[PDB]
Each structure stands twice: as structure tokens, then as C-alpha cells.
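Residue-level structural notes
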Amino acid sequence: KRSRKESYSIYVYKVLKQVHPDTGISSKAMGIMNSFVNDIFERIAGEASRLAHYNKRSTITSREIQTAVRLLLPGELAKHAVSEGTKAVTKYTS
Amino acid sequence: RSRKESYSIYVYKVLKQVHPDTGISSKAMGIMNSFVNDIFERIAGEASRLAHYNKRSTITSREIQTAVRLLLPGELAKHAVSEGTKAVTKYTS
Amino acid sequence: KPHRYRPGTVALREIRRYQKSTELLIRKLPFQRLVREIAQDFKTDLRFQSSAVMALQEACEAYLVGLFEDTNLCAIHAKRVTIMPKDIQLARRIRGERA
Amino acid sequence: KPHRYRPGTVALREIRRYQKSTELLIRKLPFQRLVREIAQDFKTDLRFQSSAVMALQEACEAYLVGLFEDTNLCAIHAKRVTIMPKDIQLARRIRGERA
Amino acid sequence: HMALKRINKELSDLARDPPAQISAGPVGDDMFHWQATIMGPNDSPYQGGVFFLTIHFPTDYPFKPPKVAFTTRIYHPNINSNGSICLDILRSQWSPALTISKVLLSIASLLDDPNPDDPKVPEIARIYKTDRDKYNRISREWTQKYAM
Amino acid sequence: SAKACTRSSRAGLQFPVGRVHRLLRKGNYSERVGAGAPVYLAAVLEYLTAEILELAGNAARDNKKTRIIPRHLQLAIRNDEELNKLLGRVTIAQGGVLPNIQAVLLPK
Amino acid sequence: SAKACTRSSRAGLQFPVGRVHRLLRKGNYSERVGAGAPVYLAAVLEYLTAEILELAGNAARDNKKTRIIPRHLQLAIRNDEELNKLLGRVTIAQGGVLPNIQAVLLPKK
Amino acid sequence: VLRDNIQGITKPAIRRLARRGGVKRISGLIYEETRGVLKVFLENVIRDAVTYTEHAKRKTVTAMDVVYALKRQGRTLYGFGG
Amino acid sequence: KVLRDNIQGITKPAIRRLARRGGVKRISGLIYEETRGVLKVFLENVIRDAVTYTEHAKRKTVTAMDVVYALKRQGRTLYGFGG
Amino acid sequence: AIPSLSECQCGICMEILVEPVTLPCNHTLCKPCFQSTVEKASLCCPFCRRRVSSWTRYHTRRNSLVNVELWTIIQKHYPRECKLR
DNA sequence: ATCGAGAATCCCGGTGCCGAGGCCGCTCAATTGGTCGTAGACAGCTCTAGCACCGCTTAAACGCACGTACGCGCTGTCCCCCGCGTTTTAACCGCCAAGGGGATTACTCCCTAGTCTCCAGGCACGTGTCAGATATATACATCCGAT
DNA sequence: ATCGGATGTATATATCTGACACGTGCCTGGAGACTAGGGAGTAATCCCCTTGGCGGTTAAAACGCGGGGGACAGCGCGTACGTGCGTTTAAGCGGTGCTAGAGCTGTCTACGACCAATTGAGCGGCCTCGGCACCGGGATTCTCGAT
Ligand SMILES: [Zn+2]
Ligand SMILES: [Zn+2]
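Turning our eyes to something else, we now look at the arrangement of the chains. Across the gap from chain B to chain F, with no contact made, the nearest C-alpha atoms are 9 Å apart. In this assembly chain C lies apart from chain G, the nearest approach of their C-alpha atoms being 9 Å.

Written out as C-alpha cells, the structure is:
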């Protein structure tokens with residue numbers, strides 16, 4: 001058989017079945033969504049890495065990710081994303 | 001105190017190689033330091049990305065050569081590739 | 001007696017038609033041949049995946065459409081409706097492509 | 001009887017003078033005050049290294065000089081010599097700043 | 001403040017129109033700590049089971065969920081030995097519009113129909129899925145000695 | 001939160017915390033990766049994905065369709081003030097362009 | 001070579017090979033770093049530095065000065081076609097602009 | 001060997017792109033300028049795509065090389081991988 | 001010690017000098033307000049990132065390196081001030 | 001018609017509406033309650049669980065969150081309890 | 001201001017096909033439990049430079065007036081895009097056929113990381129002197145009104 | 001086409017001052033030698049998918065013609081901007097004092113890496129039915145010549 005290749009298809013589909021329970025998605029649209037998720041992951045991770053390097057640290061904590069989100073996302077996408085991430089981290093820890 | 005590393009002395013050596021008479025002020029040397037750091041970061045990042053693309057875990061001299069070919073324009077790229085190849089060949093023996 | 005539309009009313013219909021669709025506007029074989037010619041100029045005896053040529057076509061068409069939008073704005077700036085080579089040159093120069 | 005230059009020659013003289021030099025054309029104290037005002041709009045109780053203000057002034061003057069070059073090109077494109085706000089708006093749009 | 005008015009209104013509703021088989025009240029001097037009592041559902045192997053639990057209110061209410069914890073323990077896939085409850089209303093899909101009556105009714109309804117998708121104690125859920133009679137007899141054995 | 005349940009469900013997410021943790025740790029970003037970075041990053045990614053998908057589904061519904069296609073993604077992205085700014089240098093394949101005819105060109 | 005001199009002298013460079021090796025190793029670029037990568041990178045950096053310095057010194061001599069100031073670096077960078085493309089989006093502090101005036105604005109003959 | 005294939009980008013094929021760009025009227029000298037700028041763009045992208053191909057020691061240009069070159073030039077493309 | 005309406009400190013002669021360095025021979029009368037707005041927008045965009053960088057470090061002074069990092073992040077590299 | 005006092009009670013704080021906001025689902029509630037449920041709750045409608053993230057982003061950056069047609073009625077017809085609020 | 005003929009676009013109903021969504025088998029990547037070295041969180045002290053004030057020049061900003069040259073509206077000519085009909089060209093589709101090279105697997109060896117020891121290259125600090133800026137006085141190129 | 005003032009710019013000379021180029025102490029980072037293990041280079045095999053060729057049919061390209069609308073040049077008006085002068089404002093420079101916060105050092109405790117056994121989440125392959133594409137007929141709606 002072919003070698004295994006990972007993707008974000010099932011998670012994007014699970015997210016889609018929450019906002020719109022009665023809507024499907026094409027294969028090309030799923031490819032575009034996977035590319036978008038990969039691109040944003042790379043952007044945020046790289047900004048966090050540089051941010052941690054500037055302060056002579058060795059760890060990428062949630063603070064570096066928060067500041068990277070603040071730097072990268074536009075006006076209020078940043079506010080809402082920071083709120084969601086803080087909510088998720090607080091819910092995970094306790 | 002603290003010790004801060006910089007490319008000042010090597011830049012001065014190169015300057016005295018090309019122009020034995022001219023000096024260089026402080027702001028120009030700071031600009032040269034910034035330029036060297038910027039080019040280092042560009043080439044190193046491109047080489048790392050090339051290594052990641054091919055599922056390698058090392059940065060050899062051919063990754064650096066391909067990064068140089070990608071970044072620099074035509075004649076600059078050709079001359080830089082020649083200089084790097086010559087330096088590696090002279091160093092290995 | 002034969003019915004003719006006034007000059008300009010069939011151009012707007014085409015504008016509305018082609019901004020509502022998503023297909024590619026260049027024929028596939030001539031573009032593929034041009035891509036192969038340029039590539040064989042770079043390195044001889046090369047092979048292409050079909051997806052490679054399709055991606056190249058997508059990118060080229062998007063670039064040309066954007067350049068034509070900027071060219072149209074440049075033409076309208078000088079109180080014209082006809083786009084001319086100087087409009088393309090000015091748009092490219094301001095965008096920083098040729099300087 | 002008093003001697004005065006025809007309108008335009010002193011403008012060219014200033015063009016030649018200010019393109020030959022390298023100093024900063026904006027007075028430092030007003031720019032420092034404006035930077036401090038914007039910063040306190042962002043975060044209160046902030047202090048500024050002098051190098052920070054100097055770097056900000058350098059960047060802003062370079063940006064404005066480039067924008068004025070683009071504005072001059074846009075103005076000449078429409079068979080004019082005065083730069084007008086629409087030239088600035090078109091230059092900003094084509095560069096993608098305002099879109 | 002606002003949370004005080006909210007909790008007083010909740011208590012007033014609870015006193016005026018108490019639900020069926022659930023009784024809640026302020027256990028301590030402060031209104032933040034509460035005690036609740038739940039009776040086992042009629043169509044279940046939990047007959048005769050009375051359960052006491054504690055309610056701890058977070059400082060910001062109702063924008064954050066309350067903490068309900070069993071004083072005793074029950075043999076259910078969604079309840080561990082410490083008394084924690086695994087219900088989506090409690091933590092995941094909590095909304096400020098919900099009231100104490102709704103969450104207590106949901107907790108009571110959990111006993112009739114267990115949730116096997118994400119149980120707190122996987123082994124007992126697997127035992128129940130293997131055979132219903134064993135799960136019923138074990139639950140009855142625990143509840144005939146510890147519930148009362 | 002209580003243990004003995006999946007990390008993606010402890011935080012109430014759908015995107016994988018473990019996969020993102022591995023990608024951060026093996027991605028040549030930093031020497032060490034904290035325990036709370038993957039949760040935050042997964043939350044941000046899921047928020048962005050849901051935000052785009054909601055508008056895409058609305059655009060699909062406005063066409064009496066029931067399946068999202070790249071045209072709907074382009075329509076959703078380019079009509080939003082912040083999503084257009086975030087994805088400004090990005091080209092969506094087979095997405096077309098927004099209908100926009102300058103008012104000067106219209107007949108008078 | 002003889003494997004007895006300094007690494008920069010063994011490779012024939014003026015830029016440090018050991019420092020570049022350390023910067024590549026500690027910079028979070030790859031898990032492993034080869035043995036000939038720092039030499040190649042140092043050679044490229046030194047070549048670019050020498051080119052820019054030569055052009056700047058030529059400008060300074062044409063200006064009857066014996067000290068490169070940022071104006072001379074700006075002149076050298078912007079006059080060249082390859083360097084200006086490599087450093088197109090970069091701003092030089094205290095560098096100024098090249099003198100040019102559009103032919104339309106000049107006085108009528 | 002192939003030669004003179006830039007004339008396969010015909011006049012109607014350029015008029016369609018102009019129409020999608022929102023252009024009502026077109027002069028007669030536009031087509032040659034468009035062909036020239038398109039050739040420049042294609043050369044710029046294909047050079048880096050072939051460079052990526054040669055580094056990997058392959059003889060076929062995959063779509064991922066084109067995607068990587070486009071991302072390298074600040075023209076990120078969605079739909080073909082990455 | 002608040003500051004108010006300081007953008008009027010970017011006087012008309014300064015804008016004329018900047019235009020002259022840009023190669024402009026004749027200037028309209030409404031250019032100055034447009035230039036003031038553009039300058040304010042650019043300053044806000046840069047200073048926001050500078051302040052974000054300085055708060056991530058738990059500092060209270062905006063150093064030159066924060067400004068340089070913000071400028072590089074925005075695609076406008078600046079030489080001669082470090083890094 | 002004129003809404004009644006009981007019908008104008010916020011379902012979150014159980015008090016009178018101050019600066020009401022109406023979601024695209026025609027559910028009205030207090031502005032402080034809306035901000036608190038956006039920041040600390042799941043960022044939806046507290047009643048029907050309709051996702052209102054994009055609507056919030058669109059309307060709060062231009063200060064258009066607050067209902068104005070009904071705010072005048074609330075502030076005009078019932079002054080005393082708004083004053084003590 | 002309008003009526004009407006010719007033409008393009010949108011609506012609606014029926015048929016069909018292929019690809020999106022669900023199910024099954026399985027392998028490997030994530031989970032859990034335990035241990036260990038070190039990164040960074042915190043307290044304390046030093047001392048650098050960022051801030052605030054005061055007084056004196058005098059340079060840059062401001063306000064006003066005159067006039068001219070450039071922006072803008074209008075008219076007229078002509079020629080070059082546009083819309084439509086006809087003919088020629090080759091793109092596109094379905095099909096078959098061969099083989100190049102991409103992708104996976106197994107084996108081996110040698111190249112790089114990690115550790116310890118040692119020493120000299122480069123950094124910080126201190127000092128002299130000369131390259132460049134400034135003041136002052138001519139020489140010459142250039143501009144503008146008048147012939 | 002000249003020619004005179006008149007103004008601004010460029011050239012030569014003295015001088016003096018602070019930044020650049022060099023020298024010295026020292027200490028921290030780089031060089032030298034050695035060992036262990038996995039990463040990558042090489043050889044081999046399989047089979048996917050790339051390239052090449054034929055035949056047909058028909059959608060798109062190429063060519064030509066008539067003409068109308070738009071590009072471009074010439075004119076006239078008047079208003080807004082340039083140039084110059086006198087006056088008011090606040091930038092720039094120096095000098096002093098104070099303290100807030102950046103920077104560095106020492107302890108130590110908890111968080112993150114590493115390793116081994118284990119199992120269920122997610123991936124690959126199969127299958128089927130419904131959503132969307134397409135065709136054909138009719139209703140709806142801009143368009144333009146003629147009033
Ligand atoms: Zn309320
Ligand atoms: Zn609702």
C-alpha cells in the first residue's frame with residue numbers, strides 16, 4: 001500500500017459539523033482548508049520561536065504563542081483568538 | 001560588564017585589503033554589521049527550510065549553495081558560489 | 001435593419017460574465033508548451049507533473065488579472081477608459097516589479 | 001525694479017539642495033511629542049530610549065520620501081506637475097497599503 | 001452584588017417551586033456553599049438511593065460553571081470514586097442562562113441512561129457493555145449498603 | 001481538569017493537542033516546548049477554522065447549494081475585513097474574483 | 001591542508017569559521033550541522049562584504065574623502081544593479097536619496 | 001525542440017483576462033506588453049522551481065516545487081499541497 | 001501630563017522639504033492634511049508592534065531594538081541601529 | 001406598543017436592561033452581560049446557542065453593538081430604576 | 001418625457017453519473033508512569049540614563065501681498081476599437097502502448113555530537129593626533145529684464 | 001541673439017577639536033584528541049504515471065468590413081500657488097539634579113526531556129446512493145431604433 005500521509009481533514013470536518021450541521025464540503029475545499037491550517041501554524045510557530053530567541057530564552061510557552069497571535073492576526077481576530085486560547089488553556093489546566 | 005560580539009575587526013581587515021588608504025566611521029561599521037547579520041539570517045533560514053523539505057536532519061554545504069543560488073541575483077550568485085566552492089576545496093586539503 | 005448593439009454594451013456583458021465564473025481563461029496546450037519551452041531553456045530533458053503545469057497556470061492567470069485591475073485604475077486616473085502600455089508600465093513601476 | 005526669480009526656479013534649487021544632503025527634515029521635539037502621545041494611547045507610563053525616537057524618525061522620513069516619489073510619478077502620469085491628494089491615494093492603493 | 005441577586009433569585013425559585021426528587025439549599029452561613037440531595041430514579045437499579053452532594057460557586061457567576069461533587073460515591077460510568085461527574089453541561093457547553101434546576105435534573109437523568117462515549121471509569125463501562133445484568137446486580141449491591 | 005480523558009477533550013477542542021505538541025517539538029523551533037503551548041495553538045487554529053467555515057457555509061447557502069467549494073471560500077474570505085487582511089498575499093485556486101465594475105464605465 | 005593553522009587561515013578567509021559554526025549550531029536551524037557549511041557561508045559573507053566595501057571606497061574617493069560614511073554606502077548600493085536588487089527593501093540610516101529630476105519638470109529650452 | 005510558443009497566448013485569451021480584471025476598452029498595443037510581462041513572470045517562477053528540483057536530485061518538476069517557489073516570491077498558493 | 005493635538009507639529013515647511021527631497025516641483029494646497037493622516041497611520045502601525053515587543057519582555061522602556069524588530073516584521077528593514 | 005417591565009428583564013443578571021444589545025437571533029440582553037459572556041463564556045447566544053462571533057467582530061469595531069431603537073424607550077419610560085442602577 | 005421588436009438571461013422539470021461520506025482492518029504514534037539535570041522565578045544591590053527645569057540665542061515658522069502660469073472646461077477632427085458574419089485551424093476527448101524514473105527496503109560505514117583539557121583571540125578601557133567641519137574672502141556660472 | 005546687473009554657488013586658506021586608530025590586560029570561547037551510534041549513501045526492485053501517437057468533432061481563433069465613440073490637440077479664463085519681506089514663536093544648546101528602572105549575581109525548586117510497554121485513534125481501501133451537472137422548453141428583462 002501507499003505510505004501514510006497525515007492531514008487535518010477529520011478535525012476540519014468535525015468543526016464544520018458544529019457551525020453547519022447540514023452542509024458538506026468538497027475535496028478541493030478541504031485541501032485549501034488544510035493548506036490554510038498548515039500556513040497559520042507555520043506563521044505563529046515561527047514568530048513565537050523568534051520572540052523567544054530575542055529574550056535569550058529556551059522555551060516556547062503559551063506566553064510566546066499569545067504574543068505571536070497578538071502580532072500576526074488583524075485588529076479583532078487577535079482579541080477573539082487570544083480569548084479562545086486563554087479559555088482553552090485554563091480549561092485544560094484545571 | 002558584558003561582552004558583545006560583532007564583525008567589526010573582520011570588516012576592517014577586508015576594507016584594508018580592498019582599499020589600503022580609506023578608513024571607516026562608526027555608523028558605517030554599524031551598518032556593515034547589520035548587513036552581515038541580515039545576510040547570515042537569510043541564507044541560514046533558507047538552508048534550514050531546504051533541509052526540512054527533503055526530510056534531512058543536517059545542513060551540508062550543498063544546502064548552503066542552493067540557498068545562495070536562490071537568494072542572490074545572477075552574477076552575484078555565480079560569484080558567491082565560486083568563492084564558497086573555492087574556500088571549501090582549499091579547506092578540505 | 002440588422003440589429004447591432006452600440007459599442008460598449010457587449011463588453012460590459014462579458015465583464016459580468018467572466019467575473020461570475022471560476023474557470024481558466026487560457027487554452028491548456030499552448031500554455032503547457034510555453035512552460036516546457038522556458039523550462040528546457042533552464043535545464044534540458046525535464047519532465048513535468050500535470051499538477052505542476054496546472055499550478056503554474058493558476059498563478060499566472062491570477063497575477064495577470066490583478067495586474068489588469070491595477071492597469072484599469074491607472075487608465076481611469078488619466079481621465080481615460082482605454083488601457084495602454086504606459087498604464088501597465090506605471091502600475092508595475094509603482095508596485096516595485098521593475099522600478 | 002527689485003529682482004525676483006520666475007516661479008519654479010527656486011523650487012528646482014530646493015530639489016537639488018535637499019537631494020544632496022542627508023539630515024533629518026522634521027524638527028525633533030514635535031516628532032518626539034507625537035510619538036509619546038501615540039504610545040500613551042497604546043500603553044500608559046512608557047519611557048523611550050533616545051535611539052528609539054531617532055530610529056522612528058528615520059523610518060518615517062524614508063517612508064514619506066518614497067511615497068512622495070510615487071505621488072510625483074502619478075501626478076506626471078495625468079499630464080500635470082502638481083501632486084494632489086488623489087495621486088497619493090492612487091499611489092497608496094497600487095502599493096497595497098489601503099487596497 | 002449581581003451574583004448575590006442571582007443566587008437569591010435562584011433560591012426563591014427553588015423554595016416556591018421545588019423540583020421532583022431533588023432538594024437543594026445553603027449548607028453554610030455563606031450562600032456560596034450549598035448542599036443538595038437527590039433521590040434515585042424510579043426506573044433504575046438505584047431504588048431507595050439517597051445521595052448528598054456539595055455545591056461550590058466560583059467568584060464569577062453565572063459566567064463560569066459551579067462545582068458539584070458527591071459526598072458519597074455511586075457505581076456509574078460517569079462518576080469516579082471521589083464523586084466527580086462527567087457531564088457536558090457541567091464543563092463543556094455551560095451557558096449563563098442555565099439554572100441550578102436544569103443541571104440537577106440532568107444529573108438525575110444521567111442515572112437512567114449512562115453515557116458510554118467518554119466514561120470516567122472505563123472498566124465499569126466495559127463491564128456494563130459486556131452484560132447489563134452484571135452491571136445492574138453490582139450497582140444494586142453497592143447501593144443497598146452505601147446509599148442508605 | 002480531571003485526567004483519564006483525551007487532551008483534546010480536557011480543553012474542549014477538536015484539533016489534536018498531541019499532534020500539535022509533536023509538531024512543535026520536532027519542528028526546529030526552540031530547545032524546549034512548554035506544556036501549555038500546544039493547547040493554546042490548537043485553540044487558535046480551531047477558532048480560525050470555524051470562523052472561516054461559518055462564512056463559507058453562509059455563502060454556500062446563499063446559492064441554494066449544500067457543499068462548500070473554493071468559490072465559496074473566496075467569497076467568504078474577500079468579503080471580511082480582517083480575513084482579507086490576514087490572507088492578503090494568498091491565492092485561492094479556482095476562486096475567481098469579486099464582481100466589481102467601476103462606476104465610470106457604466107452607461108450614462 | 002596542513003590541519004595546523006586556524007580554521008579561517010586554513011580556509012584562506014578573514015571571517016571567523018568557528019564563530020559561524022557556533023552560530024549555525026546554536027541558532028535552531030537543524031538538528032545536525034555539516035563540517036563544510038560554515039566555511040562556505042563565511043566565504044559568501046566575505047565576498048559580499050568585500051564587494052560593498054570596494055564600491056563604497058570608490059564613492060568616498062570620488063567625493064575626496066578617506067572615510068566611508070553611510071552616504072557612500074547608500075551611493076554604492078543604489079548605483080549598482082545587483083546590490084540594489086538584493087537590498088531593495090532595506091533602509092540605510094543617514095543615507096539620503098540619489099539625485100534625479102524628471103525631465104518634464106526641467107525648464108523649457 | 002520548441003520555439004516561438006509565446007504566440008499561443010492569443011488576443012482573445014488576453015481579452016478574457018482583461019474582462020475578468022474589469023476592463024471595458026483595450027488599445028491595440030496591450031497584447032505584446034502582456035506577453036512580455038507574462039514571459040518574465042514565468043521565467044522567474046520556473047527558475048526557482050527547477051532549482052528546487054535539482055537540489056532534490058530529481059528529473060521531474062513536481063507541483064510542490066512550484067508551490068515552494070511561489071511562496072518564496074510572496075505569492076502563496078492554496079489547493080495543490082503544502 | 002497628557003499631550004493633545006501634536007500632529008500640528010509636523011508643519012507645512014517640513015512637508016515641503018520632504019516633497020522636495022522626493023523630487024516634487026509644485027505642491028497642491030490640500031496635500032498637508034493627507035500627509036498628516038498617512039504619517040499618523042504609519043506611526044500607529046509601527047508603535048503598536050514596538051509596544052507589544054516591549055511588554056512581552058516585562059519592561060517599561062521602548063528600546064531601539066523593539067523598534068527595529070517591529071520595522072523588520074512589517075517588511076521595512078532599517079540598518080544602522082543594531083542587530 | 002410599549003414593552004412591560006417583566007418582559008424587559010435580562011435573563012442573565014435578572015435586572016433591568018442597561019445599554020441593551022440584540023443578537024442576530026432577536027435575543028436582547030445587557031451590554032455588560034454580553035461582554036462578560038463573550039470573554040468568559042463560550043462566545044455564542046446564551047439562549048439558543050447561535051454562533052455570533054463574526055457579528056460581534058463586525059459591529060463592535062464601529063460602536064454599533066448597542067441597540068438604539070429600544071434603548072430610548074427603556075431610558076425614557078422607566079427613568080427611576082435606571083437612575084438607581 | 002415614451003411603445004415595441006429582437007435578444008440574452010433566469011426558472012423549472014426530468015435523467016443520469018460519479019465522488020463524497022460511511023464502514024472495516026490494522027499498524028504505529030500518542031499515552032502513562034517514573035527519574036533526573038537545569039532553566040528560570042525570585043530577592044537583592046548597583047548605577048545608567050531617562051526625565052524635568054531654567055535661561056539665552058536666533059533660526060525656522062507664520063502671515064500678507066502681488067502676479068503669473070497652470071489647471072480645467074470646451075470644441076473640433078479623425079482614426080482606431082468594436083460588434084457581427086464567415087472561414088479556417090487546432091484544442092479537446094477517448095484510446096492504446098511503452099518505459100523512465102519516483103518511491104520503498106536492506107545494509108553498512110563514517111561523520112557528527114558530546115566530554116575534558118588548555119590557551120590565545122578578541123573585548124573593554126585608555127590615549128594621542130589629524131581628518132573634517134567651520135569661518136572668511138574671491139571667482140565664476142546662471143538667471144532675468146531689455147534690446 | 002546679445003548684453004548688464006545680480007544672485008547664488010564653488011573654490012582656496014587657517015584652525016581646532018573630538019572621534020578614530022592603536023596599544024595592553026585578561027578571560028571566555030574556540031581548538032585538539034577520543035569514543036559511540038545513528039544518518040545517509042548505495043544497490044536493487046516494483047509499478048505508477050509520464051510521454052507519444054491516431055482519429056474525429058466542433059468550440060474557438062483568425063480575417064474582413066462598416067462606423068461611431070473616444071483619444072488628442074488647440075484656446076481661453078481665472079484661480080490657486082510660488083516668491084519675497086517683516087514679525088512672532090519656540091526649537092536648540094548648555095548646565096544641574098534626581099531617581100526609576102535596566103542589568104547582574106546567587107539559591108533553589110519545579111517543569112520539561114528521556115525511556116519502555118501498550119493500545120486505540122487515524123489512515124488506506126471499498127462501496128453506494130444522492131447532489132449537482134446537463135438538456136429542453138418557457139417566462140423575465142435589459143437594449144435600441146423610432147416616435
Ligand atoms: Zn443583564
Ligand atoms: Zn439566541
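This part takes up the interface of chain B and chain G. Taken together, the contact between chain B and chain G spans 56 residues of the former and 52 residues of the latter. Surface buried jointly by chain B and chain G totals about 5000 Å² across both partners, of which 72% is contributed by carbon and sulfur atoms. Where chain B touches chain G, the interface holds one salt bridge. Here chain B is connected to chain G by 17 residue pairs in polar contact.

A few words now on the protein's contact with DNA strand L. Lining the immediate surroundings of DNA strand L are 75 residues, of which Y12 of chain B, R4 and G8 of chain D, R16 of chain H together with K60 of chain I lie closest. A distance of 3.5 Å is found between a phosphate oxygen of DNA strand L and a backbone nitrogen or oxygen belonging to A35 of chain F. In terms of residue count, helix α1 (residues 9-18) of chain D provides more of the surface near DNA strand L than any other element does, four residues in total. A class-by-class count of the residues in the surface near DNA strand L yields 18 nonpolar, 21 polar and 36 charged.

We now examine the sheet that holds strand β2 (residues 33-39) of chain E. All names here are of chain E. Spatial strand order, β1-β2-β3-β4: four strands in an open sheet with antiparallel pairing. In the strand order of this sheet, the two ends are held by β1 (22-26) and β4 (67-70), each with one partner. Within the sheet, the average angular offset between the axes of one strand and its neighbour, ignoring direction, is 25 degrees. Pairing analysis gives five bridges linking β1 to β2, with the strands arranged antiparallel. Opposite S23, over in β2, you have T37 as the bridge partner.

All names here are of chain J. Coordination sphere of the zinc ion (ligand 1), protein contribution only: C10 (SG), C13 (SG), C30 (SG) and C33 (SG), at 2.3 Å. One way to put it: the four donor atoms around the zinc ion (ligand 1) meet at angles of 107 to 112 degrees, and that makes the site tetrahedral. Here the donor residues for the zinc ion (ligand 1) map to a single chain with the spacing C-x2-C-x16-C-x2-C. One end of the pair, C10, is in the segment before β1 (20-22); the other, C30, is in strand β2 (residues 28-30), with 20 residues separating them in the sequence.

By the secondary structure assignment, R71 of chain G is in helix α4 (residues 70-79). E23 of chain D is the oppositely charged side chain nearest to the buried, salt-bridge-free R71 of chain G, at an N-O distance of 9.3 Å. Among the polar contacts listed, one links the side chain of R71 of chain G to the backbone oxygen of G95 of chain G, at a separation of 3.2 Å. Sequence-distant contacts of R71 of chain G, that is, excluding residues within four places in its chain, are made with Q19, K20 and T22 of chain D together with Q94, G95, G96, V97 and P99 of chain G.

Okay, the interface of chain G and chain D next. The interface of chain G with chain D comprises 16 residues on the first partner and 17 residues on the second. Carbon and sulfur atoms supply 63% of the area buried between chain G and chain D, which totals about 1300 Å² over both sides. Along the contact surface separating chain G from chain D lie zero salt bridges. Connecting chain G to chain D are three residue pairs in polar contact. Of the residues in the side of chain G that touches chain D, the class split is nine nonpolar, six polar and one charged.

This part takes up a positive patch on the surface. A cluster of basic residues, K79 and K86 of chain C together with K79 and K86 of chain D, forms a positive patch at the surface. Note on placement: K86 of chain D falls in helix α4 (residues 85-94).

With that settled, the discussion passes to the protein's contact with DNA strand K. The local shell around DNA strand K holds 70 residues, among which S3 of chain A, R4 and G8 of chain C, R22 of chain F together with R15 of chain H are the closest. Counted by atom, the contact set of DNA strand K within 4 Å of the protein is 95% sugar and phosphate. Within the contact set of DNA strand K, a phosphate oxygen lies 2.9 Å away from a side-chain nitrogen or oxygen of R36 of chain D. One of the backbone N or O atoms of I26 of chain H is found 3.1 Å from a phosphate oxygen in DNA strand K. For the surface near DNA strand K, the secondary structure elements donating two or more residues are β1 (24-25) of chain A, α1 (8-18) of chain B, α1 (9-19) and α2 (28-42) of chain C, β1 (47-48) of chain D, β1 (32-33) of chain G, β1 (25-26) of chain H together with α1 (12-22) of chain I.

General note: in soluble globular proteins, nonpolar side chains tend to be found buried as a group. Core analysis: the largest hydrophobic core is formed by 65 residues, its most contacted members being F36 and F41 of chain A together with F15, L24, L53 and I68 of chain F. If you list the elements that add at least two residues to this core, you get α1 (9-19), α2 (27-54), α3 (62-72) and α4 (77-93) of chain A together with α2 (17-26), α3 (37-62), α4 (70-78) and α5 (81-86) of chain F. No other element matches α3 of chain F, which puts 16 residues into this core. What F41 of chain A contacts, discounting residues up to four positions off in sequence, is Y8 of chain A together with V20, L23, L24, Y29, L41 and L45 of chain F. Membership of the second largest hydrophobic core comes to 64 residues, among which are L76 of chain B together with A11, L41 and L48 of chain G.

Proximity of charged atoms lets side chains of opposite charge pair with each other. Tallied over the entire structure, the rule returns 43 salt bridges over all chains. The salt bridge partner of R43 of chain A is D39 of chain A, with a shortest N-O separation of 3.2 Å. With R43 of chain A and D39 of chain A both in helix α2 and four residues apart, this pair spans about one turn of that helix. Taking the shortest distance from any N to any O, the salt bridge between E81 of chain F and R61 of chain J comes out at 3.3 Å. Of this pair, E81 of chain F sits in helix α5 while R61 of chain J sits in the loop between α2 (53-60) and α3 (69-77), each in a different chain. Given the relative accessible area of 53%, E81 of chain F is considered exposed. A residue is classified by how much of its surface remains accessible, and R61 of chain J, at 36% relative accessible area, is partly exposed. What you see here is one network of salt bridges that share partners, running through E51, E54, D80, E81 and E82 of chain F together with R51, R57 and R61 of chain J.

What follows deals with the coordination of the zinc ion (ligand 2). Residues and elements named next belong to chain J. All of the protein donors around the zinc ion (ligand 2) are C25 (SG), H27 (ND1), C45 (SG) and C48 (SG); their distances to the metal are 2.1 to 2.3 Å. Sequence spacing of the donor residues for the zinc ion (ligand 2), all on one chain, is C-x1-H-x17-C-x2-C. Placement of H27 in the loop between β1 and β2 and of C48 in the loop between α1 (31-39) and α2 is noted, with a sequence separation of 21 residues between them. Of the residues examined, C48 reaches a relative accessible area of 39% and is grouped as partly exposed.

Taken N-terminus to C-terminus, the directions of helix α3 (residues 50-77) of chain D and helix α3 (residues 64-73) of chain I make an angle of 30 degrees; their axes are 7 Å apart at the nearest point. Classified by the interaxial angle, the pair formed by α3 of chain D and α3 of chain I is roughly parallel. On α3 of chain I, the residues that touch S51, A52, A55, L56 and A59 of chain D of α3 of chain D are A64, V67 and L71 of chain I. Broken down by class, the residue content of the contact of α3 of chain D with α3 of chain I amounts to seven nonpolar, one polar and no charged.

Scoring rules and cut-offs
- Within every chain, numbering proceeds from 1 in written sequence order, not necessarily in step with the numbering of the entry, and residues without coordinates do not appear.
- The naming scheme follows written order: chains are lettered A onward, ligands numbered 1 onward.
- The basis for every side-chain value is the complete set of heavy atoms in the structure, and neither hydrogens nor water enter the calculation.
- Only heavy atoms matter for contacts: two residues are in contact if any of them lie within 4.5 Å across the pair.
- Using a 1.4 Å probe, buried area is obtained as the accessible area two parts lose upon being combined, added over both of them.
- Whenever a carboxyl oxygen of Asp or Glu lies within 4 Å of a side-chain nitrogen of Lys or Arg, that contact is scored as a salt bridge.
- Under the rule applied, a polar contact is a pair of N or O atoms within 3.5 Å (in protein, one hydrogen donor and one hydrogen acceptor; residues adjacent in sequence only if both atoms are side-chain atoms).
- We call a residue near a given molecule or strand whenever any one of its heavy atoms falls within 4 Å of it.
- A run of H or I in DSSP counts as a helix once it spans at least four residues, and a run of E counts as a strand once it spans at least two, with each numbered from the N terminus.
- Ten residues, namely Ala, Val, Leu, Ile, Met, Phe, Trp, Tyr, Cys and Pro, are considered nonpolar, four, namely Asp, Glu, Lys and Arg, are considered charged, and the remaining ones, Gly among them, are considered polar.
- Two strands qualify as a pair provided that DSSP identifies no fewer than 2 bridges between them.
- The axes used here are C-alpha line fits, helices contributing only the stretch in contact, and every angle between their N-to-C directions lies in the interval 0 to 180 degrees.
- Coordinating N, O and S atoms are those within 2.8 Å of the metal (3.2 Å for Na, K and Ca), and as water is not part of the atoms, a site may appear to have fewer donors than expected.
- By the criteria applied here, four donors are tetrahedral when all angles lie between 85 and 135 degrees, four are square planar and six octahedral when opposite donors are over 155 degrees apart and every other angle lies between 65 and 115, and any other arrangement is irregular.
- Buried, partly exposed and exposed residues are distinguished by accessible area as a fraction of the type maximum, computed with a 1.4 Å probe on protein chains only: under 20%, between the cut-offs, and over 50%, respectively.
- When charges are counted, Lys and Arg are positive and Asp and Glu negative, with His and the chain ends excluded.
- Patch definition: residues above 30% relative accessible area lacking any salt bridge, with like charges linked at up to 9 Å and the nonpolar side chains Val, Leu, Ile, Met, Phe, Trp and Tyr linked at up to 5 Å.
- Accessible surface area values rest on a Shrake-Rupley calculation with a 1.4 Å probe, where residue burial reflects the displayed protein chains alone.
- The atom standing in for a charge is NZ when the residue is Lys, CZ when it is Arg, CG when it is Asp and CD when it is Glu.
- Throughout this description, the term nonpolar core refers to a set of buried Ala, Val, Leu, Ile, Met, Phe, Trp, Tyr and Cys residues connected via side-chain atoms within 4.5 Å.
- By definition in this entry, angles of less than 35 degrees are roughly parallel, angles greater than 145 are roughly antiparallel, angles of 65 to 115 are roughly perpendicular, and the rest are oblique.

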